Structure formats: C-alpha cells, structure tokens
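Visitor:
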Amino acid sequence: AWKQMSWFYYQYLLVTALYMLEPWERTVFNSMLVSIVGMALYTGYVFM
Amino acid sequence: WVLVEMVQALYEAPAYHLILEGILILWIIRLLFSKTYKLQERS
Amino acid sequence: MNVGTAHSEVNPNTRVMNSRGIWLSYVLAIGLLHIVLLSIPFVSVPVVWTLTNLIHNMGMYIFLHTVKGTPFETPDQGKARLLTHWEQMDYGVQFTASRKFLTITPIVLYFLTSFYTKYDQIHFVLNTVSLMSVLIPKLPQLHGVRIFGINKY
Amino acid sequence: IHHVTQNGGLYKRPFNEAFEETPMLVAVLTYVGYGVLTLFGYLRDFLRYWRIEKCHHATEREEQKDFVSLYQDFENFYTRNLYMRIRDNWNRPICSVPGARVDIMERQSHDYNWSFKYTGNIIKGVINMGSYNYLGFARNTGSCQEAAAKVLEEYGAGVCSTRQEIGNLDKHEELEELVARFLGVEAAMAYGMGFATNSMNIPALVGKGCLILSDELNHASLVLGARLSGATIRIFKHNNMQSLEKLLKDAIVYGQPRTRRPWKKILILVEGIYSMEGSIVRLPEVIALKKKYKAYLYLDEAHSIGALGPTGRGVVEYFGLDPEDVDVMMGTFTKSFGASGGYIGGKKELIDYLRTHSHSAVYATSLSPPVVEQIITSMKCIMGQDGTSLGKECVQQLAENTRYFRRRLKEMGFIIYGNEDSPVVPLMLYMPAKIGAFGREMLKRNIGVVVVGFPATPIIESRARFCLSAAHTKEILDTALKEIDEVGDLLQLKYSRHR
Amino acid sequence: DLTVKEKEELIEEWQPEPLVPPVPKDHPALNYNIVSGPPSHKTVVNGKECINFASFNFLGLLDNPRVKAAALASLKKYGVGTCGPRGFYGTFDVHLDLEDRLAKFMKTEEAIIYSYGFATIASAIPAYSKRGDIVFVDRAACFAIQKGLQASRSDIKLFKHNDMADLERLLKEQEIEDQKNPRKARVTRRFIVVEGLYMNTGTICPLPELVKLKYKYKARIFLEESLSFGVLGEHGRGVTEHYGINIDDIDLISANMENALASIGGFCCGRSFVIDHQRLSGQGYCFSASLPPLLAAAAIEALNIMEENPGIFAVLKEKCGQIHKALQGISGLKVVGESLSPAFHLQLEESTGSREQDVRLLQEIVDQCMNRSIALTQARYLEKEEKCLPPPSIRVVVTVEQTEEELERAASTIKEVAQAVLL
Ligand SMILES: CCCCCCCCCCCCC/C=C/[C@@H](O)[C@H](CO)NC(=O)CCCCC
Ligand SMILES: CCCCCCCCCCCCCCCC
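Chains as they are written, first to last, in my numbering: chain A, 62 to 109; chain E, 996 to 1038; chain R, 45 to 197; chain D, 31 to 529; chain U, 107 to 529.
#1: Between residue 65/D and ligand 2, is the CB less than 7 Å from at least one heavy atom?
#2: So, helix, strand or coil for residue 183/R, using DSSP?
#3: Taking residue 209/D as the reference, which of 245/D, 62/D, 149/D, 374/D has the closest Cα?
#4: Using DSSP with H/G/I as helix, E/B as strand and the rest coil, what is residue 362/D?
#5: By the 10 Å Cβ neighbour count, where 16 or more other Cβ atoms means buried, how is residue 477/U classified, buried or exposed?
#6: At a CB distance below 7 Å, what residues from the segment 51–72 of chain D approach chain A? Give them in sequence order.
#7: Measure the C-alpha to C-alpha separation of residue 74/A and residue 77/D and round it to an integer number of angstroms.
#8: Taking 7 Å as the cut-off, is the C-beta of residue 73/R nearer than that to any heavy atom in ligand 2?
#9: Give the residues from the segment 87–110 of chain R that approach chain A closer than 9 Å (Cβ to any Cβ), ordered along the chain.
#10: If the cut-off is 8 Å on Cβ atoms, which residues from the segment 142–166 of chain D count as contacting chain R, listed in chain order?
#11: Scan the segment 186–200 of chain D for residues whose Cβ lies nearer than 8 Å to a Cβ of chain U and list them as they occur along the chain.
#12: Are residue 81/R and residue 96/R close, meaning C-beta to C-beta below 8 Å?
#13: The segment 455–479 of chain D: which residues have C-beta closer than 8 Å to a C-beta of chain A, in chain order?
#14: Less than 8 Å between the beta carbons of residue 257/U and residue 228/U, yes or no?
#15: Measure the Cβ-Cβ separation of residue 270/U and residue 313/U and say whether it is below 8 Å.
#16: Go ahead and label residue 98/A buried or exposed: buried means 16 or more other beta carbons lie within 10 angstroms of its beta carbon, across all protein chains shown.
#17: In the DSSP output, what is residue 326/D paired with across the bridge?
#18: Using a Cβ-Cβ cut-off of less than 8 Å, list which residues of the segment 113–141 of chain R approach chain U; keep chain order.
#19: Residue 253/D: beta carbon under 7 Å from a heavy atom of ligand 1?
#20: In the DSSP assignment, find the beta strand (DSSP E) that holds residue 328/U and state where it starts and stops.
#21: Compare the C-beta of residue 96/D with all C-beta atoms of chain U and state if any pair is closer than 8 Å.
#22: Cα-Cα, which of 167/R, 125/R, 52/R is closest to residue 98/R?
#23: For residue 523/U, collect the residues of the same chain with a Cβ closer than 6 Å to its Cβ; drop the 5 residues on either side in sequence, then sort them by chain order.
#24: Between the segment 368–402 of chain U and chain R, which residues of the former have a C-beta closer than 8 Å to a C-beta of the latter?
#25: So which residues of chain D does residue 181/R contact, with C-beta pairs closer than 7 Å?
#26: Locate the alpha helix (DSSP H) running through residue 182/U, then write down its first and last residues.
#27: Can you tell me the Cβ-Cβ gap for residue 394/U and residue 225/D, rounded? I've got them flagged as a contact below 8 Å.
#28: Name, going along the chain, the residues of the segment 283–315 of chain U whose beta-carbon falls closer than 8 Å to a beta-carbon of chain D.
#29: Show which residues of chain D have a CB atom less than 8 Å away from the CB atom of residue 449/U.
#30: Counting only beta-carbon separations shorter than 8 Å, does residue 77/A have a partner in chain R?
#31: If you draw a straight line from the alpha carbon of residue 209/U to that of residue 144/D, how long is it in whole angstroms?
#32: Just to confirm the assignment: which complete beta strand (DSSP E) runs, minimum length 3, are found wholly within the segment 395–465 of chain D?
#33: Using a C-beta to C-beta distance shorter than 8 Å, which residues of chain U count as neighbours of residue 228/D?
#34: Quick one: list the residues of chain U neighbouring residue 357/D, beta-carbon separation under 9 Å, in chain order.
#35: Specify the secondary structure class of residue 216/U as computed by DSSP and reduced to three states.
#36: What are the boundary residues of the alpha helix (DSSP H) that residue 109/R is part of?
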C-alpha cells in the first residue's frame, strides 16, 4: 500500500515537470497548490 | 437565485454600451472572411 | 537542444501556436485562472469577472507584444531579434488560422464579462480600456511600429 | 509489379510506414510542463539580480566592462533554464572501442550539472544503442584493422598539403576508382569530412538565379550548403509527392521572384533514410517527377549506404532502380564503414568539374592514409572480393535484427515511427520531464540511448533513438527488450491506442 | 487568368542549363601530380626522386618514430574511427586529454578541437557575429575567413593590408555614426579579424599597435594564427610570444593541427567565457563526427616533443633567413614575404598583361625545375569566387630537415632556370 502510494507521487512529479527542479523550488510549488485547494474547500462550505 | 437580474439589467443597458458591443460583432464577421496575404513584399 | 537536429526549421517560434492541442490547452488556462479567483471568499462575482479579464489581457500583452527575440540560438543569424512574438508568428503572414483565434478570444471574453458585471459604468471604463490595449497591436497596420520609439532596442 | 502510383512510380514490394499522432490528453499535459518550466525560469533570472550571486558562472574581464556585452542575454534562456537541468544525458565520455558493448566513465555533479567531476570507476558493460555502427565494422581486431597499421608505419598519420598541390598520393587514386565500381557509377571523388562534403560542394553547382527544392527534414549540412550558394530555397512537405509536384509546377510557369524571368535550373535535395524520423524516401516517385519537369536530383545516402539493399548498395538498390537516374550521389564513410570522410559520385563530366572548382579540392587538406586504408579493406569485404563470407552475413544479419526488434516493440504498446525496414527506431516520449528520466533509467539498467528535446524537434514530439547494429546478438536483443519493457511500465510510456 | 491550355505549353518550352559547364581542355589545373609513397623529405613525384619544398610540415614530425609509435598504441585499443557526433557517445578520453593538454601549452584557460582544419574558423566566426554587427577585416584574409564572414550575415569592411592608418580611418567613421543614433550604438558589436603570418603574402601583422586601438575604440580582436603556431616565438607559441603581448588581450585564437603538428584537425583557444559557447552553437562541432582517436594521439606526442626541447624553433628560423637572402639575386622574379616566415612566395616581375600567360610562364619553371631534384608548386586560388585575388606565384616552404648544402643548391637551381625562361 505504501509502495504504491509512493508510485503515485512519482507520476505527479513527471506530468507537472517538478522532477527536474531543485528541492526549494518544489516546496514553493507545493505550498501554493495546497493553499489554493484548501481555500477552495472553505469557499465550498459557505456558498453551497 | 440571482440570474433574472442580469437579463433584466441588460435591457436597461445604456445606448453607448450596446453600440460598442454591436460594432465588435461586425468586426468578427469581417475578420472571419479574410484571405491570408503575405504583408507588403517587393512591390 | 540544437535547433535543426530533427527539423529544418530555422526558427521554431513561428509554428508554436499551430501545434496540436494548443488551442484547447490555452482555453483551459483561462478557465483555470477564473476558478482560483472565484475561490477567494471575500470578493463579489462582478469583481471576479473583471480581475479575470484584466489579468488575462495583461499577460497576453506582455507575452505577445512586449518580449522580443527568441529564447534559443537559431541558425538564421538573429533575424527576429527586434520582433515580438506576434510579428514572428507564421513568418509575418497576416490573417492565418491562428491569428484569428487569438484576435477573437479576447472579444468573446469581453462579452461574458459585460453581462456578468450587469453593464456597470465603472466596470465598463476599465474593461474597454484594457481590451483596446490588446486589439490595437494586432492590426496589420501596426506591424513593426513603435510609438515614440518605446521598446525599440 | 506490386503497384504503380499516378506519379509514374512503380513499386515492386509493399512500402508501408506509420506515424501515429499524439493522444489529446497526452498532448495537453506536455504544455503544463513547459509552462511550469518557463514561469520558474523567469523567477530565477530576477532572482540572480538583487539576490543570488551565482558565483560559478563565467563573466567578462574587469578591463572590458565598457564594451558592448558579447552575448544577447535572452537567447540562451533555455540553455541555462532547461538544458542545464538534464545535461548529464549527452556528453558521456567512453573509454573503449564503441560497438555492442562500451565502457562509460562514471561522473557526478554536486551543483545540479553546473559542474562535473569524475569519480574514478568505470561501467564495464553497456549495451550500446546510440552509435551508428551498422554491419559492425567498428572493432579493434580482425584483418581490417591489421591492414591500417601497415599503412601507418610507412606513411604517417596525416598529410601536409592540398590535392591540387603536393597532397595527392597514390592511395587517394586507388580509393576513388574502387568507390565508383562499388556504387556503380562512372566516377567519384573523396573529401575527408562528411559535413564538408555538402557545405563545400553545393555552392559550386548552383548560384544566383537557380532554385533549390528542399525537404522538410533535411540535415543541417545540406541546409547550410544551400545558404552559401546564393540561390532561392523553397521547402516541401516531408515525403509528399503532391506537395513537391505543385511546387515544381508553379515554379516553371511563374518564373523568378520579382523580375519574373525563367529559372536557370532547378535542383531537388532529398535524402536516403532520415535518421531522426526513421523513414525512407520514395525514389520511384521522385525519379518520375524530375524526368517530367527536367529537374536535377541530389541524393544524400549517408545513413542508407551499406544499411539498405540486399547487398549493401544503398537505397537505389533497395527499390530496384538504376544509378544513372541520379545526377549527384553523396554519402559518408562514418556510419557503416567505421571510418571518416565523404564522397560524391556521378558522371565523368561532373567529377572533372568538381576536381578543379570545389572549395575542398584547393583549400583543405586531403584524407589520412590510415583511414583511407580502412575504407578500402572494409569496402572490399562487402563486395566479397576478400574470398570470405563475413560480408554476406553481416548485411543479412542487420535485416533480421531490424524486423524482430521493431515488431516486438510495437506489440508491447509503444508508439514507433518510420518504415518497417529502417535500422533507426525512434521511440516516442512526449513530456519534457520524461527526457531526463528515460535517459537515467536506461543507464541505471545498463543500456545507453539518445534522447532529443523541444528545440531540436517540434514541441509535442520529444523522442529517443535506437540505432541498431549487426553486431547485436539475439541474447543482447532479448536483454534490451526486457529492460525497455520495465522502464516503459514505470514511466507509463505505452501511449499507443491502435495496438 | 492563366488558363489550363497555356499552362501546359509553358512547361514544354522551358529548357534548363546543364548542371556543369564544359569548355575545358586548357585549364591550368586538372592534372594532379601523383606522389608515390609518403610525402616525406625525399619524395617521388610523377616517378622522379627529388627533395620537396612544397609540403607544410616545418618541424619534421610526419615520420618521427615516436609520433608514429604513439598513434599505433591508440589504434590497437580504440579502432580507427569514432561513430558519433561528439554529443552522443562521440567523445573519448583522448579528446578530453588533448584539449586539456593544448591549453597548458598556450598558457590559456580553455581549448576546443574540431575534426577539420577548414571548418574551425568557418564555424567560429558566425557563432559570435550576427546580422547587426560590424566586422573590420584585413584585405589579405584567407578563404576560410571569407567563408566564415559570409556565413555570418553581418556588415563587412575591408582595410588595406597591414596599415593601421587605414583601419583607424574606418574606426573613426563608425564613431561619427554613434552620435547619429546613440540608442542603437549600444547593441552593435565590433570585431577586428586579423591573422599572424598571412599565407597569401608572407607578412606579419602589427599586433602591438593593433592592441592599443582595441581599447580605444571598444572592438574585439579575433586572431587566426594557423601559420605561426609552432613557428614564431621562442617556445613556438605564436605571434603573441614574438612580441611580448599578454595572452588575455586577444579574445579568440584559432589554428589548425595540420601544418606544424603533422596531423588532422583544428583548434580554438581562449577564456572559458568565450570558448564554452561554441560547444552548443559551432555548426561543424554539433553536427559532425569527432576526430578519430589515432589522429588525436599523434598530436599529443607532437605536443610532447615540441615542449621537450624548445631549441627546434631556433634552427628553423636561422635557415629561414638563409634561403631568403640567397634568393635576392634573381632577375625576373621578386621575393614576396618577411624574413622570419617559412612560407614566403616568389612572384613575377613585369606581368605580361594576362593571368593565363602568367600562369603558363610559372608552370614552365615549375616543370623544368622538378626535372632536376626540386619539388615546387604554385599557389592555387578560385579565381571567380574570391574577394581580392592575389597574383600568381611559386610557393617556397622551408623545414628543419633540409640541410645547408641542399638549401644553397636549391636557391641556385631556381636562378639558372628562371634566367633562361623569362628573357
Ligand atoms: C499550473 C501552471 C500551468 C501553466 C501555467 C503557465 C502558463 C504561462 C506560460 C507562458 C507561456 C509563454 C507564451 C509564449 C511565450 C513566448 O514569448 C516565448 C518566447 O517568445 N515562446 C515560447 O518559448 C513558447 C513555448 C511554448 C510554451 C508553452
Ligand atoms: C486535464 C486538465 C489539466 C489542466 C490543464 C489546464 C491548464 C493547462 C495550461 C498550460 C499552459 C498553456 C500554455 C499555452 C498558452 C500559450
């Protein structure tokens, strides 16, 4: 389960081309992806 | 629900706003029926 | 890598918009940008539909009418060094398939933002002044002209 | 015998190619990668101003800061922002004879490829599939490399003059009469660089007032030679006999550009096998189109000589045609013969004009005797003069390897390009991040390949290339297919929809 | 407009010109002299044994036993030819060992090697000079420089041969147009292409006076020293050593490995900031196979021998001004070249009136001289495709093999035959 859960992260690094980026550049992209998807759930629980 | 307002606010749209939008639809049509033509060559 | 390894093309920045799936992939970018703004909690819909129209026209003006040259070294000895992306498209040929799509899509985005904003006067003098800044450079008569010699070298 | 096309061409055997187009969902995902790379590349430029000193790059001298900057900064934006990230895939140094198994010197970077350093260990055996080594004449033993050491102990490495001067030995005349018989023409000339055979001889044929018809994907040497001539150049759709016939037709009726006069002549530049596409030119339809419009034909069979045909005479023999239908015949000695140099073959009237009016014949030095002796001995084995059968085996062992490898990959689910008889096989990878992962994965499984990116090709057509050889055994081909199957499952490379 | 009946008749009227024009059977060339065996000191040309004064190997080396025995050890461990374009598995460990060894010889920062001597400078110039740039070129530049300048579609201005008062006159006019449009003056690059020991004239350029003009007008120099590398200087470094100039003032220095090194190929040296840019744009470097391993191994041994004893450059210069001083007596021919050059010409005084007749007169001496024991050749040019065509001449080349007795007896043999053909 953990061996296949880590394989899905690998496929996410290839399609978004985050595979060929530095560790501090991956953290800048992952930060605003969870910040834009986390605030989109709070707006879906106030107008829905 | 808030959709009727939009359609009701469209009929009271100012004359100058409807003209501009109507003039933009005449440009699409004019530019949709155009040939290529490689700019200005050795004339 | 090296321009000319798998194609004769001396400048591959003139056939980029004619690619398969770039029209449907560029329309998904406008829709994706409108969904992240629509997620902001403390903003009304008319403000959302104006920020969507102004930000798209701002990025479309910089990437198509400001940045000039090519991002790689080509074998044509730097002939497109003083040109913008719009002027390079299709080697300067006017009214092609791609130069109609890029001229039409801002107009369509302007009709939806005028109806969702309820034809407000303050929102009409911002969206019309922003839409003009991206339609004027696309006229065939302004191919290579620089007003007051701005953005020339 | 098989079928005839309306363009006069007659085919004797079925000629079938395949160029599947990329799936809509897979095509839309490659633009996400390029944008994320462009947006992140603009943030590094602005970050290298009022921040990161980046003390590792090269700069101008202190006493030359007033001169106009040497380079244009925007150009080479892809070099420092996209190519630098995955550059450890290309300039790999090897330390053995390249064929079927090559040693590679291990190297590692600590600053994301900005700098490299050799650890010290060597990778013993790597299945070489990135070198042009058809027929496998690249060996450090045998009776072919034993005759080159005999002509190097009494001639020296290189000469010191030009052909028109005192640099025309007797060895240079022995190789030119032998190459004319092999090809089956009247005469031939040999030069010494393959890139210079095209760029220094195309401008001695055409000039101002002539027309050149070029193919969509012609080699850079063929494209640079036309640029120096002074003639007009128009390109036609790859292997399109309707697009070439329309360009040939309207060029005679309309005449020259502004003055509207008749052209002095018309020359069509085509090629044999195209390396990066894996496709074979349609000669029966070109040859019957240049006879109806009185044009001239320049054929560049650099990748097809020795590799195609039932004896190894190139693409002319592969179709069944006569070699007197081609005005000029160009080729090289580096792909199949394990040597270096080029040649041009044709009539005795064209080789007499090129012996006095070609740029290479009066300004550049001639071929080296040790490398001339290698071509003579390897070429004399294909024709079977040596008395052995080593030349009849290798030529027929390359056709078997090509049909078994190309058919086993297509039934796995990959998207392969080109003809079914092409010894170059281009596998298709579309995403930009897969270029740097398929290169590392192979070398980790102990296989060496070649990958090609965006500027080199089109934006949705990144690929890998798989040159095949007659020195690859069935055991090496089975081991290669196993490792390629595991890496295609790991990176999800099986894009084919019509399997 | 243009009906279908007329269209088909227009294609029947057309008749192209032949691929190659005829009317030959009189051309000066088209009769290569066959050499049987290696073109060594004692050679056999057209079935005749004679000492040659036509090959371009100055320090011997073509048949040095140590150079021959080192290219053999690289043939038995590598094969003959590479199979790649140097970007895909085409770079061996001998190519990286030859580039690093050349840079220590020149006391420079980095070097890059090509596989053909003609394309090293025909590919280096258009990598730095684009459409809008200005290049100041000497009028006596060789053919490779001209092709490299043509490939780079930039503005080209020629100046007289070896006079700086005419170069400075051209540099002051580009400066009068720098106030007519200052905004454009900051995006045009200025280059000065020059060369030490010009091959077409046998003269040496003034570098000391040309380096002071570079810093005063903000233009970059491109030195192309193919004939002086391994010849001039006290350590065979070149022209920059003959004067005393710091190697960092030149920008780029190109040469070939075919004249003093007795091998194949060319190289370019300089700082990293300028050298490492040709690896991704040099046309003949990215799309061509690399230099065969056995050819690169024969150049490293030559480099080792050159550095082992630098007293071989002092013997080649002392016998360079010995044959040049013994030829200043001929009545009919005039010597054209510096006294420290090993490749000076021998031109015709009082030209008849037509090139054709001139070439047949010089051919007569060349053919009548070979009959004894002296192999000479006349310079060959492409008359139609050249900017400034030099006059016909007989090239004379000096090495370190020829002895004193031979040098003196060859200078007297060219006098007796030339005083009986030109009177
Ligand atoms: C989550 C993020 C998803 C995607 C968001 C990023 C979208 C913006 C990316 C910017 C696209 C650039 C458009 C054209 C730019 C041209 O000036 C440029 C040089 O002139 N040409 C290319 O290289 C064009 C090469 C084609 C690249 C697409
Ligand atoms: C399955 C949908 C995935 C999300 C894709 C939508 C955004 C893709 C935009 C990538 C950047 C577009 C480049 C073209 C603009 C010139």
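A virtual CB, placed ideally from N, CA and C, is assigned to each residue, including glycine.
Guide: The answer reads as follows:
#1: yes
#2: coil
#3: 374/D
#4: strand
#5: exposed
#6: 59, 62, 63, 66, 67, 70
#7: 24 Å
#8: yes
#9: none
#10: none
#11: 186, 187, 188, 189, 190, 191, 192, 193, 194, 195, 196, 197, 198, 199, 200
#12: yes
#13: 461, 462, 463, 464, 466, 467
#14: yes
#15: no
#16: exposed
#17: 297/D
#18: 117, 119, 121, 122, 123, 125
#19: no
#20: 326–330
#21: yes
#22: 167/R
#23: 471, 474, 475
#24: 386, 387, 389, 392, 393
#25: The contacting residues do not exist; residue 181/R stays about 20 Å from chain D at best.
#26: 181–184
#27: 4 Å
#28: 292, 293, 294, 295, 296
#29: Correct list: empty, because the minimum Cβ distance to chain D is about 12 Å.
#30: no
#31: 21 Å
#32: 456–458
#33: Here the premise fails: no neighbours, minimum Cβ distance about 10 Å.
#34: 125
#35: strand
#36: 89–109
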